[PDB]
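Following: one structure in structure tokens, then a few remarks.
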6 protein chains.
Amino acid sequence: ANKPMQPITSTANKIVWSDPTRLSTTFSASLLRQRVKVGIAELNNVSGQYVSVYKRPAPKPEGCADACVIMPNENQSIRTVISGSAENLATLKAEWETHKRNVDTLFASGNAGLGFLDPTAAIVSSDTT
Amino acid sequence: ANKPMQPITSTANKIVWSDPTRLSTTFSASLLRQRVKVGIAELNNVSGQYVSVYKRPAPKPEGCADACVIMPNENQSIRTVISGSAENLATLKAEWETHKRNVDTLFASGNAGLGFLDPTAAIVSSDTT
Amino acid sequence: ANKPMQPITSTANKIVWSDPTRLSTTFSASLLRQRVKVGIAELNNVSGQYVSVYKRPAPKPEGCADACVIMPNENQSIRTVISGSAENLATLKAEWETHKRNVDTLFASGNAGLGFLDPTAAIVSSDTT
Amino acid sequence: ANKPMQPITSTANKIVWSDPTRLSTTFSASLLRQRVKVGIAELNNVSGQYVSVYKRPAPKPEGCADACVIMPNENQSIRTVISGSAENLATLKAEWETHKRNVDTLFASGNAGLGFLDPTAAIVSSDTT
Amino acid sequence: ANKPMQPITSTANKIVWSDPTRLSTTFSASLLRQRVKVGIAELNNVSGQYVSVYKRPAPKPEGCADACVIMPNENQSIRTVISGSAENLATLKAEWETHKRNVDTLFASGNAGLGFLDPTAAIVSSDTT
Amino acid sequence: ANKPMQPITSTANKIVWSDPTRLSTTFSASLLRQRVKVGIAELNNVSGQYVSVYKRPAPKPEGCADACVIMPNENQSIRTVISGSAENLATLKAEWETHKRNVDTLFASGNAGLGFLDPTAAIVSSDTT
């Protein structure tokens, strides 16, 4: 039962969501729209920036914690920027699924979080054979 | 059967994979490690930058019976940056799952890709009730 | 039945051959001779430069049913330079056989043409065991 | 039984192979990749440079050799550079076969090594009749 | 079951490995190759620098297990430099076996930690009787 | 039956051993002990420098045994420096065993003489799983 997050600031192109029970937890979405004529037509490319923030205490008192020791804070941040013409949103969504998959391979079940790279990792395109 | 991608360039901190049948398709992973230790503690931060690129041709003219017609490409880019201490990797992974979930709500099954924001979207924390 | 090529320009040191049905196709041979004799010995060096050129049209758009369609060309160049004393021509020829063999391993039946290097490739000297 | 050669230096784009039993024998491969839009599309042209080196003593004590006379050294070098778009690697390989054939005609069984040119040599294109 | 170590920083001539669980544990290998000049001889010496590091905790107090660990790690370092021409590598390996043996006698089973130099120690050459 | 070596020069902190049959073969051990300062800790680090030397003859010519030997010996050197506090000597010994093992992998059975750095080498920590 993941806790509902309510937006606290709103923009035509920007909403920032912050947890009510833990204000410092935020998720923000900012959209950028520009007209680019790649092949004589103003393609409607869109640049969406999505940012997650959690304030993560890292006492790392190993062995044990005992009283309220002023929590010390660390910032856990994840930012994604998706850029693509609207006209091809369908394939852009396919790219998002594949990108998640590839990141998962290295970070979710690999050691990329632990700052390690597996040059043999099974990375794939969105295209099929 | 997603097509496998091969490392083309390689560095200890950074690898670029590419589709050998389509070189315009890349996935790159770049990691930077720094020790930003807090007072009376030790702290190592691991910033990982993950970038997906696809060169997509513009949507074919829809009202088309022309035999073969391919115009020029469309740049589709997705970048994720994950920043967090190694010590809390376990919870950082939980944040990644939640972040994907929240992006999916807006982008995957919402209208954020079309430049539209839903202020009633069900956004959630990684923490449970 | 490979098409015969004719000398078009000619010099004592250098000849250019071309396909009379396709002038964009050339093979040229240029030779320079110098006497770089070592102390208490005589030494003549023969540097030979061999260049192949083909102008190739870009791969036809693959998904094509258009009746006739040829776009512009692609420059394909191969240059070999052989440098060695005339006195040791016999072993220099052996080096040429081995060099061809080693290039073939990587390029002809390997992935070097695709920008890929195989560090386990079976590379060999002209000398025998 | 040609002697196996083990690479001693490695690069993302460069491996140098040197014989273990005769270090001064090397074969190196260096790849260069550039994007060129010949006809509005970034063709993936690749420039592979392949170099063979042998250190060839040339005492040329004719009639006879008798004791260890400090060997004197000559450098036998062969360099090939292959440049072509990846998209047409198939025909680029055909050009390599033809180039070898044409070089063989002049150098392997002609007198081009001996610094002589046969203007009547049977030179051919990769194209067929 | 000794913990595997991965290469965190890599160059053609230097790799640094670091343990996944504990980063401050490192092993690095750095090698430089240069041409050596001798009368009537041309060989290439290879210099290799090998460094092991551990941030070991201060040896623990006695009778008192603190509530939580507060070890003031010290830098434990071992550096080896091996210098010799690739030409005589076989005998250079024999020197390494013997050097290890001699160091063992003083340090591994002698007062190496104490630093006392037992002058009756059984030290031996790599040469045999 | 390795040849015994005797101490030709001795100080409280440095001994030099040299073979009876061949003097130019040396092994020296030099140790310095100093007080180390850590927060709430007083330990004494011991630095030991161990150097092996051989004046190996140039590798021999081929096919020709001169009337009398005229080898132009080269300096084959190996230096190890072990640094750590006497307090944690037990774990410092474990580091030495592991450092030897890791060097063996690259140098003893890898391209150590060649100087090539195999980036897939199985390097391990002294810590166990």
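Every chain in the structure tokens takes a letter, A first, then B, and so on in the order presented; its residues are numbered from 1, and the ligands are numbered from 1 following the presented order.
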Could you write out chain B as an mmCIF file with C-alpha atoms, in the first residue's frame once it has been least-squares superposed on chain D using every ordered C-alpha pair?
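After the write, result31.cif holds the following:
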```cif
data_model
loop_
_atom_site.group_PDB
_atom_site.id
_atom_site.type_symbol
_atom_site.label_atom_id
_atom_site.label_comp_id
_atom_site.auth_asym_id
_atom_site.auth_seq_id
_atom_site.Cartn_x
_atom_site.Cartn_y
_atom_site.Cartn_z
ATOM 1 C CA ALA B 1 52.741 -23.995 -37.909
ATOM 2 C CA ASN B 2 52.744 -20.202 -37.820
ATOM 3 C CA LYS B 3 53.636 -18.812 -34.357
ATOM 4 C CA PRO B 4 50.743 -17.233 -32.391
ATOM 5 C CA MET B 5 50.884 -13.557 -31.419
ATOM 6 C CA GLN B 6 49.438 -11.968 -28.259
ATOM 7 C CA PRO B 7 47.768 -8.609 -27.665
ATOM 8 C CA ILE B 8 50.263 -6.437 -25.778
ATOM 9 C CA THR B 9 48.453 -3.093 -25.785
ATOM 10 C CA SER B 10 44.717 -2.756 -26.119
ATOM 11 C CA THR B 11 42.223 0.003 -26.766
ATOM 12 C CA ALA B 12 38.584 -0.268 -27.866
ATOM 13 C CA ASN B 13 39.472 1.276 -31.189
ATOM 14 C CA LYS B 14 42.988 -0.280 -31.311
ATOM 15 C CA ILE B 15 44.980 -3.496 -30.482
ATOM 16 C CA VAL B 16 48.675 -4.332 -30.982
ATOM 17 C CA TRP B 17 49.692 -8.005 -31.204
ATOM 18 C CA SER B 18 53.289 -9.151 -30.817
ATOM 19 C CA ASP B 19 55.214 -12.428 -31.000
ATOM 20 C CA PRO B 20 56.193 -13.363 -27.419
ATOM 21 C CA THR B 21 59.353 -15.064 -28.784
ATOM 22 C CA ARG B 22 60.215 -12.058 -31.001
ATOM 23 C CA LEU B 23 58.897 -8.752 -29.744
ATOM 24 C CA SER B 24 60.237 -6.881 -32.779
ATOM 25 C CA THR B 25 57.355 -8.486 -34.706
ATOM 26 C CA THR B 26 54.026 -6.604 -34.462
ATOM 27 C CA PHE B 27 50.626 -6.533 -36.087
ATOM 28 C CA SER B 28 48.344 -3.676 -35.114
ATOM 29 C CA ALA B 29 44.730 -2.859 -35.968
ATOM 30 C CA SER B 30 43.328 0.676 -35.487
ATOM 31 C CA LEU B 31 39.741 1.606 -36.325
ATOM 32 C CA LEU B 32 38.073 4.995 -36.586
ATOM 33 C CA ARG B 33 34.326 5.428 -37.076
ATOM 34 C CA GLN B 34 32.721 8.636 -38.317
ATOM 35 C CA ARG B 35 29.213 9.528 -39.516
ATOM 36 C CA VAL B 36 29.589 11.308 -42.863
ATOM 37 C CA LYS B 37 25.930 11.125 -43.820
ATOM 38 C CA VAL B 38 24.896 12.462 -47.242
ATOM 39 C CA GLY B 39 21.900 14.743 -47.745
ATOM 40 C CA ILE B 40 18.609 12.995 -46.832
ATOM 41 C CA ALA B 41 20.453 9.830 -45.738
ATOM 42 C CA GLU B 42 22.507 8.278 -42.920
ATOM 43 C CA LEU B 43 26.152 7.299 -43.475
ATOM 44 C CA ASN B 44 28.743 5.797 -41.108
ATOM 45 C CA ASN B 45 32.310 5.323 -42.344
ATOM 46 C CA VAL B 46 34.754 2.800 -40.896
ATOM 47 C CA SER B 47 38.403 3.488 -41.580
ATOM 48 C CA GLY B 48 40.546 0.533 -40.522
ATOM 49 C CA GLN B 49 44.335 0.713 -40.477
ATOM 50 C CA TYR B 50 46.268 -2.559 -40.325
ATOM 51 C CA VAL B 51 50.070 -2.487 -39.875
ATOM 52 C CA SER B 52 52.604 -5.347 -39.998
ATOM 53 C CA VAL B 53 56.195 -4.890 -38.818
ATOM 54 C CA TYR B 54 59.174 -7.259 -38.950
ATOM 55 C CA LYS B 55 62.767 -6.449 -38.048
ATOM 56 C CA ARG B 56 64.857 -8.492 -40.465
ATOM 57 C CA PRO B 57 68.632 -8.891 -40.395
ATOM 58 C CA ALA B 58 70.308 -7.809 -43.660
ATOM 59 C CA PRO B 59 70.913 -10.709 -46.093
ATOM 60 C CA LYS B 60 73.889 -12.640 -44.726
ATOM 61 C CA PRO B 61 77.029 -12.101 -46.794
ATOM 62 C CA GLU B 62 76.400 -14.785 -49.444
ATOM 63 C CA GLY B 63 79.978 -15.984 -49.930
ATOM 64 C CA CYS B 64 80.128 -17.060 -46.295
ATOM 65 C CA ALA B 65 81.679 -19.956 -44.327
ATOM 66 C CA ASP B 66 82.042 -17.934 -41.098
ATOM 67 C CA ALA B 67 80.677 -20.044 -38.256
ATOM 68 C CA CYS B 68 78.097 -17.602 -36.793
ATOM 69 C CA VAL B 69 77.391 -14.156 -38.103
ATOM 70 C CA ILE B 70 74.303 -12.037 -37.710
ATOM 71 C CA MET B 71 74.466 -8.335 -38.409
ATOM 72 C CA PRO B 72 71.758 -5.715 -37.530
ATOM 73 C CA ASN B 73 68.142 -5.683 -38.669
ATOM 74 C CA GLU B 74 66.043 -4.481 -41.615
ATOM 75 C CA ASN B 75 62.709 -2.733 -41.173
ATOM 76 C CA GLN B 76 59.927 -4.483 -43.135
ATOM 77 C CA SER B 77 56.555 -2.649 -42.942
ATOM 78 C CA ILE B 78 53.159 -3.290 -44.539
ATOM 79 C CA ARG B 79 50.215 -0.963 -43.920
ATOM 80 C CA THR B 80 46.659 -1.386 -45.258
ATOM 81 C CA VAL B 81 43.864 1.123 -44.797
ATOM 82 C CA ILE B 82 40.313 0.095 -45.684
ATOM 83 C CA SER B 83 37.697 2.896 -45.819
ATOM 84 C CA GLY B 84 34.032 2.163 -46.536
ATOM 85 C CA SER B 85 30.502 2.524 -45.240
ATOM 86 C CA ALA B 86 29.289 -0.304 -43.006
ATOM 87 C CA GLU B 87 26.070 -0.526 -45.037
ATOM 88 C CA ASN B 88 28.087 -1.801 -48.003
ATOM 89 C CA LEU B 89 30.368 -4.095 -46.099
ATOM 90 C CA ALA B 90 29.486 -7.063 -48.322
ATOM 91 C CA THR B 91 30.781 -5.381 -51.487
ATOM 92 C CA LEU B 92 33.674 -3.836 -49.548
ATOM 93 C CA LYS B 93 34.787 -7.430 -48.766
ATOM 94 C CA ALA B 94 34.601 -8.208 -52.496
ATOM 95 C CA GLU B 95 36.867 -5.199 -53.098
ATOM 96 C CA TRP B 96 39.331 -6.542 -50.565
ATOM 97 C CA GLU B 97 39.466 -9.898 -52.413
ATOM 98 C CA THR B 98 40.048 -8.102 -55.731
ATOM 99 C CA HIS B 99 42.584 -5.691 -54.279
ATOM 100 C CA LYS B 100 44.624 -8.618 -52.882
ATOM 101 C CA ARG B 101 44.438 -10.256 -56.293
ATOM 102 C CA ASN B 102 45.679 -7.144 -58.091
ATOM 103 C CA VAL B 103 48.496 -6.539 -55.623
ATOM 104 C CA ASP B 104 49.505 -10.208 -55.955
ATOM 105 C CA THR B 105 49.730 -9.882 -59.768
ATOM 106 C CA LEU B 106 52.295 -7.073 -59.490
ATOM 107 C CA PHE B 107 54.029 -7.843 -56.197
ATOM 108 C CA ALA B 108 53.554 -11.553 -55.367
ATOM 109 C CA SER B 109 54.320 -12.983 -58.805
ATOM 110 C CA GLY B 110 55.460 -9.794 -60.599
ATOM 111 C CA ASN B 111 58.516 -7.535 -60.215
ATOM 112 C CA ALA B 112 56.972 -4.581 -58.327
ATOM 113 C CA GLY B 113 58.929 -5.566 -55.202
ATOM 114 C CA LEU B 114 62.120 -5.064 -57.245
ATOM 115 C CA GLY B 115 60.936 -1.635 -58.359
ATOM 116 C CA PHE B 116 59.756 -2.988 -61.728
ATOM 117 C CA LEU B 117 56.347 -2.293 -63.276
ATOM 118 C CA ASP B 118 54.683 -4.459 -65.888
ATOM 119 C CA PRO B 119 52.295 -2.315 -67.972
ATOM 120 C CA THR B 120 50.763 -5.483 -69.552
ATOM 121 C CA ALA B 121 49.750 -6.914 -66.111
ATOM 122 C CA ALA B 122 46.266 -8.507 -66.020
ATOM 123 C CA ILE B 123 44.451 -6.170 -63.592
ATOM 124 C CA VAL B 124 40.732 -6.754 -62.942
ATOM 125 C CA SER B 125 37.628 -5.208 -61.292
ATOM 126 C CA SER B 126 35.554 -6.945 -58.623
ATOM 127 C CA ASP B 127 32.609 -6.717 -61.010
ATOM 128 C CA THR B 128 31.926 -9.649 -63.322
ATOM 129 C CA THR B 129 31.094 -9.911 -67.040
#
```
Using DSSP on the backbone coordinates, identify the residues of chain B assigned to strand (DSSP E); present them as JSON, numbers by chain.
-> {"B": [2, 3, 4, 6, 7, 8, 9, 10, 14, 15, 16, 17, 18, 19, 22, 23, 24, 25, 26, 27, 28, 29, 30, 31, 32, 33, 34, 35, 44, 45, 46, 47, 48, 49, 50, 51, 52, 53, 54, 55, 56, 57, 73, 74, 75, 76, 77, 78, 79, 80, 81, 82, 83, 84, 85, 123, 124, 125, 126, 127, 128]}
Using DSSP on the backbone coordinates, identify the residues of chain B assigned to helix (DSSP H, G or I); present them as a PDB file with N, CA, C and O atoms, in the first residue's frame.
```pdb
ATOM      1  N   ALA B  86      26.278   4.091  -1.619  1.00  0.00           N
ATOM      2  CA  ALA B  86      26.325   2.640  -1.789  1.00  0.00           C
ATOM      3  C   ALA B  86      25.731   1.927  -0.573  1.00  0.00           C
ATOM      4  O   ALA B  86      25.011   0.946  -0.706  1.00  0.00           O
ATOM      5  N   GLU B  87      26.028   2.456   0.602  1.00  0.00           N
ATOM      6  CA  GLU B  87      25.552   1.923   1.875  1.00  0.00           C
ATOM      7  C   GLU B  87      24.047   1.690   1.865  1.00  0.00           C
ATOM      8  O   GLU B  87      23.564   0.709   2.431  1.00  0.00           O
ATOM      9  N   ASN B  88      23.300   2.574   1.211  1.00  0.00           N
ATOM     10  CA  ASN B  88      21.849   2.409   1.139  1.00  0.00           C
ATOM     11  C   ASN B  88      21.350   1.918  -0.191  1.00  0.00           C
ATOM     12  O   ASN B  88      20.241   2.251  -0.610  1.00  0.00           O
ATOM     13  N   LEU B  89      22.141   1.083  -0.844  1.00  0.00           N
ATOM     14  CA  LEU B  89      21.760   0.607  -2.153  1.00  0.00           C
ATOM     15  C   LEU B  89      20.421  -0.106  -2.132  1.00  0.00           C
ATOM     16  O   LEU B  89      19.634   0.059  -3.052  1.00  0.00           O
ATOM     17  N   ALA B  90      20.156  -0.886  -1.090  1.00  0.00           N
ATOM     18  CA  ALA B  90      18.913  -1.654  -1.008  1.00  0.00           C
ATOM     19  C   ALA B  90      17.667  -0.768  -1.127  1.00  0.00           C
ATOM     20  O   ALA B  90      16.744  -1.071  -1.887  1.00  0.00           O
ATOM     21  N   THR B  91      17.652   0.334  -0.386  1.00  0.00           N
ATOM     22  CA  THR B  91      16.518   1.254  -0.430  1.00  0.00           C
ATOM     23  C   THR B  91      16.542   2.110  -1.699  1.00  0.00           C
ATOM     24  O   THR B  91      15.495   2.530  -2.202  1.00  0.00           O
ATOM     25  N   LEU B  92      17.738   2.361  -2.224  1.00  0.00           N
ATOM     26  CA  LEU B  92      17.875   3.053  -3.502  1.00  0.00           C
ATOM     27  C   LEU B  92      17.230   2.251  -4.638  1.00  0.00           C
ATOM     28  O   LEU B  92      16.597   2.829  -5.518  1.00  0.00           O
ATOM     29  N   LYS B  93      17.368   0.924  -4.597  1.00  0.00           N
ATOM     30  CA  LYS B  93      16.666   0.029  -5.542  1.00  0.00           C
ATOM     31  C   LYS B  93      15.138   0.106  -5.418  1.00  0.00           C
ATOM     32  O   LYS B  93      14.413   0.076  -6.423  1.00  0.00           O
ATOM     33  N   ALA B  94      14.659   0.194  -4.181  1.00  0.00           N
ATOM     34  CA  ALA B  94      13.238   0.409  -3.912  1.00  0.00           C
ATOM     35  C   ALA B  94      12.734   1.731  -4.500  1.00  0.00           C
ATOM     36  O   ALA B  94      11.619   1.810  -5.013  1.00  0.00           O
ATOM     37  N   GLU B  95      13.563   2.764  -4.410  1.00  0.00           N
ATOM     38  CA  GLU B  95      13.259   4.056  -5.034  1.00  0.00           C
ATOM     39  C   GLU B  95      13.173   3.982  -6.548  1.00  0.00           C
ATOM     40  O   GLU B  95      12.301   4.604  -7.159  1.00  0.00           O
ATOM     41  N   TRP B  96      14.087   3.227  -7.139  1.00  0.00           N
ATOM     42  CA  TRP B  96      14.043   2.967  -8.568  1.00  0.00           C
ATOM     43  C   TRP B  96      12.727   2.277  -8.949  1.00  0.00           C
ATOM     44  O   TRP B  96      12.087   2.695  -9.902  1.00  0.00           O
ATOM     45  N   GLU B  97      12.297   1.258  -8.211  1.00  0.00           N
ATOM     46  CA  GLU B  97      11.022   0.607  -8.558  1.00  0.00           C
ATOM     47  C   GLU B  97       9.853   1.603  -8.510  1.00  0.00           C
ATOM     48  O   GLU B  97       9.008   1.639  -9.410  1.00  0.00           O
ATOM     49  N   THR B  98       9.851   2.442  -7.480  1.00  0.00           N
ATOM     50  CA  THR B  98       8.777   3.411  -7.265  1.00  0.00           C
ATOM     51  C   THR B  98       8.806   4.510  -8.306  1.00  0.00           C
ATOM     52  O   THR B  98       7.769   4.930  -8.795  1.00  0.00           O
ATOM     53  N   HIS B  99      10.004   4.982  -8.618  1.00  0.00           N
ATOM     54  CA  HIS B  99      10.201   5.999  -9.638  1.00  0.00           C
ATOM     55  C   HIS B  99       9.677   5.534 -11.012  1.00  0.00           C
ATOM     56  O   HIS B  99       8.999   6.291 -11.716  1.00  0.00           O
ATOM     57  N   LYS B 100       9.990   4.293 -11.378  1.00  0.00           N
ATOM     58  CA  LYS B 100       9.493   3.706 -12.624  1.00  0.00           C
ATOM     59  C   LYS B 100       7.981   3.715 -12.619  1.00  0.00           C
ATOM     60  O   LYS B 100       7.356   4.112 -13.599  1.00  0.00           O
ATOM     61  N   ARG B 101       7.415   3.277 -11.498  1.00  0.00           N
ATOM     62  CA  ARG B 101       5.974   3.228 -11.306  1.00  0.00           C
ATOM     63  C   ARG B 101       5.320   4.592 -11.500  1.00  0.00           C
ATOM     64  O   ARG B 101       4.285   4.704 -12.148  1.00  0.00           O
ATOM     65  N   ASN B 102       5.922   5.618 -10.917  1.00  0.00           N
ATOM     66  CA  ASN B 102       5.357   6.966 -10.988  1.00  0.00           C
ATOM     67  C   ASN B 102       5.489   7.557 -12.381  1.00  0.00           C
ATOM     68  O   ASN B 102       4.568   8.202 -12.870  1.00  0.00           O
ATOM     69  N   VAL B 103       6.623   7.317 -13.027  1.00  0.00           N
ATOM     70  CA  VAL B 103       6.792   7.746 -14.413  1.00  0.00           C
ATOM     71  C   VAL B 103       5.768   7.044 -15.300  1.00  0.00           C
ATOM     72  O   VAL B 103       5.145   7.678 -16.141  1.00  0.00           O
ATOM     73  N   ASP B 104       5.606   5.736 -15.109  1.00  0.00           N
ATOM     74  CA  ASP B 104       4.640   4.958 -15.891  1.00  0.00           C
ATOM     75  C   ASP B 104       3.233   5.545 -15.794  1.00  0.00           C
ATOM     76  O   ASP B 104       2.543   5.684 -16.806  1.00  0.00           O
ATOM     77  N   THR B 105       2.817   5.915 -14.584  1.00  0.00           N
ATOM     78  CA  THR B 105       1.473   6.486 -14.365  1.00  0.00           C
ATOM     79  C   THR B 105       1.201   7.685 -15.282  1.00  0.00           C
ATOM     80  O   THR B 105       0.121   7.801 -15.872  1.00  0.00           O
ATOM     81  N   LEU B 106       2.194   8.563 -15.398  1.00  0.00           N
ATOM     82  CA  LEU B 106       2.060   9.792 -16.172  1.00  0.00           C
ATOM     83  C   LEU B 106       2.371   9.587 -17.642  1.00  0.00           C
ATOM     84  O   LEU B 106       1.647  10.073 -18.503  1.00  0.00           O
ATOM     85  N   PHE B 107       3.465   8.883 -17.918  1.00  0.00           N
ATOM     86  CA  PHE B 107       3.965   8.722 -19.281  1.00  0.00           C
ATOM     87  C   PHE B 107       3.472   7.463 -20.010  1.00  0.00           C
ATOM     88  O   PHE B 107       3.077   7.535 -21.178  1.00  0.00           O
ATOM     89  N   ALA B 108       3.550   6.317 -19.341  1.00  0.00           N
ATOM     90  CA  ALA B 108       3.262   5.020 -19.971  1.00  0.00           C
ATOM     91  C   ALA B 108       1.780   4.855 -20.277  1.00  0.00           C
ATOM     92  O   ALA B 108       1.401   4.490 -21.395  1.00  0.00           O
ATOM     93  N   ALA B 112       1.396  12.440 -20.441  1.00  0.00           N
ATOM     94  CA  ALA B 112       2.580  13.296 -20.282  1.00  0.00           C
ATOM     95  C   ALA B 112       3.439  13.347 -21.547  1.00  0.00           C
ATOM     96  O   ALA B 112       4.016  14.391 -21.877  1.00  0.00           O
ATOM     97  N   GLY B 113       3.490  12.232 -22.268  1.00  0.00           N
ATOM     98  CA  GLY B 113       4.180  12.165 -23.557  1.00  0.00           C
ATOM     99  C   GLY B 113       3.604  13.086 -24.635  1.00  0.00           C
ATOM    100  O   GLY B 113       4.312  13.478 -25.570  1.00  0.00           O
ATOM    101  N   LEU B 114       2.324  13.429 -24.488  1.00  0.00           N
ATOM    102  CA  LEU B 114       1.627  14.359 -25.368  1.00  0.00           C
ATOM    103  C   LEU B 114       1.642  15.777 -24.820  1.00  0.00           C
ATOM    104  O   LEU B 114       0.965  16.663 -25.352  1.00  0.00           O
TER     105      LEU B 114
END
```
